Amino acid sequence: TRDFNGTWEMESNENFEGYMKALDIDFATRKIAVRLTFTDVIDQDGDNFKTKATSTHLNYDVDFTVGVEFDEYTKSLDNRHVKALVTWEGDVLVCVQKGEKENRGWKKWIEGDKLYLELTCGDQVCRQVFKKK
């Protein structure tokens, strides 16, 4: 068949590292890229092609019970060990991540169709908003 139409999900990727090193992609970027899975979307009409690729990475599961302190290794971020405790403040989930870093933690809550996430470390606050799919 000459029909490449479809959404194609990567199953295997051999020697991406060598290919990226031949392209002079730096070490820090290769370290991240070898962990990605790719999805290629191909729209083909005869000899005309429209293609788009996306890369995705699964972070690790975080399972917890509110009120029960648990160990977390932040492998997708700074790869540090913290003792995380999640508590309710009303309908807001409040996590303190006890460890080296001061005032590290997060807050999560729902307003309307949106999930709000405030991540804190030191004097820095990151605010994220998610929409329900």
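Residue numbers run from 1 along the displayed sequence.
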item: Of 26-34 and 63-71, the one with larger mean CA B-factor; value: 26-34
item: Residue 107 CA temperature factor, ranked by third within the chain; value: lowest
item: Chain-wide C-alpha B factor ranking for residue 48, given as lowest, middle or highest third; value: middle
item: Chain thirds of CA B-factor: placement of residue 13; value: lowest
item: Where the record places residue 5 (Cα B-factor, split into thirds across the chain); value: middle
item: Chain thirds of CA B-factor: placement of residue 82; value: middle
